[PDB]
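The chain below stands alone, shown as structure tokens; this is the form deposited in one PDB entry.
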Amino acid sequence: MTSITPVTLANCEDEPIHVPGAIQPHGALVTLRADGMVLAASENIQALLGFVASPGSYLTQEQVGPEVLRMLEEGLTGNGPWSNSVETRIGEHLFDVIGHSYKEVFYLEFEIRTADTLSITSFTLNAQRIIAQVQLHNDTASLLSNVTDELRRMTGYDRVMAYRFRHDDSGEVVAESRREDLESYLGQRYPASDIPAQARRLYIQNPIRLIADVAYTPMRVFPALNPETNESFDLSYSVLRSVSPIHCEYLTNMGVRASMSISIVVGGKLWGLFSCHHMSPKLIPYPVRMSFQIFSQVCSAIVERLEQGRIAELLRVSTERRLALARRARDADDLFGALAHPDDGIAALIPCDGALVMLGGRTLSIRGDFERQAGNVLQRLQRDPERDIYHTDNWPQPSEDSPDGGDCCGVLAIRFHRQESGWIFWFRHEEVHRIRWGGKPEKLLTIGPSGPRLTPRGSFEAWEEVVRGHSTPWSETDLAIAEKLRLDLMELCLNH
């Protein structure tokens, strides 16, 4: 009948974290139709605010004061995206009342900001010092290190870690600061599934996340669906949003009780995170988290400028080498020897564990003997001979049935002159042996029902599973270099 079935092998990369319908109980949620009518609220509204915003009705100044209604009625008469907060005392004690809009729904988030003070809010001066410092760090390694230190100096979280994401969305704990009795996680690596593509999108779109108590009871917002759409409230930009039970379990295995993380975005991609953990409940006043959102935007712009400045230098140096190669082959008595010569040749341009030159049936292998792999890739490309350039980081290595076997799973190949079997190859061995230096963590636990994968060791062992057999991946600069060299060689083939 149905003749189709959605992709459903995964368990919990698809659990939708932007529309959970549940709230962190250190605050309260109220949700409004675009006219202003109350549609749903978190049921702790009475416990914190002393009033019920009755669904199907409107707020009153005798509930929220005028201060909130200035904001909301400039909101309700506003257009496009909206976001604001206001300072007030509700009943006996102080609140931050925070609000935004998304997909025609207007949201009110009430966060407690009581038993803390302007003196404590001197954290605003610390955040502005962090913002002033980062703008002058000269590389991303020192930037991430110093920020990971000073974030902890400021906030007093038990741990802070800098994550950096690789081309495959795997992550590495590239820097750490910790309370010294706690185990270090420096140099851990984890698979891309550790941050599912929805959390990817939310950390790109929503610079700050705060988790006040991993042991929280989630406040059910009621009614559960917006009566106008008859669909879930999209909480993507809220702050009180329910954490996924999977990540609460993962943090409970780590023994974490509260979290804050600060996004770094580059090129519209999640380039990194700072992640802060504390082993007992912790809460940060909203005015400070606004300053960390500002910090996230500043840091993202700085990192993106540094990484673009690095890539431009890579492409510069490679171009200046390749033009010398072209010059030498044009001036010399032979192209083929000038390609294979160790002092300047194809083996110098691209990082490789070996290189092979092929032209007119002549072949040479540099740093090894690769005429087997060259033949085998040609026999693969003989199934698609219109392909000009081929590369892989995961070639099926020659088997142990013969000394023809060997580690060259990385191949990069140029057809520079199809009419005389002019080819160039570069090769790479398997990566993992070079990088195998993250120590496996060992924390003794009463492990949660999901089992040991929701732990740093589980994640590390599941990461090695992912990189087994892969070479060091061919960089976009490497591919650009091969692309350009092909066309430099064609000019010599043409004039020869």
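Start at 1 and count along the sequence shown; that's the residue number. By rigid core we mean the largest C-alpha set that fits within 1.5 Å across both forms.
In what follows, reference is made to the form deposited in another entry, a form of this protein that is not presented.
With the core superposed, a Cα shift of 2 Å or more between the shown form and the other one singles out one residue among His247, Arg164, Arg328, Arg257. Which one is it? Once the cores are aligned, the residue moving by 2 Å or more is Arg328.
After the core is overlaid between the shown form and the other one, has the C-alpha of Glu307 moved by 2 angstroms or more? False for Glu307: its C-alpha shift is below 2 Å.
Does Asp213 show a Cα shift reaching 2 Å between the shown form and the other one after rigid-core superposition? No, its C-alpha moves less than 2 Å.
Rigid core superposition, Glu67 Cα moves 2 angstroms or more between the shown form and the other one: No, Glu67 moves less than 2 Å.
Out of closer and farther, which fits the Cα atoms of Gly438 and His247 in the other form compared with this form, where the change is 3 Å or more? So the answer is closer.
Cα-Cα shift for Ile211 and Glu461, closer or farther in the other form, minimum 3 Å: Closer together, which means the C-alphas of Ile211 and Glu461 are at least 3 Å nearer in the other form.
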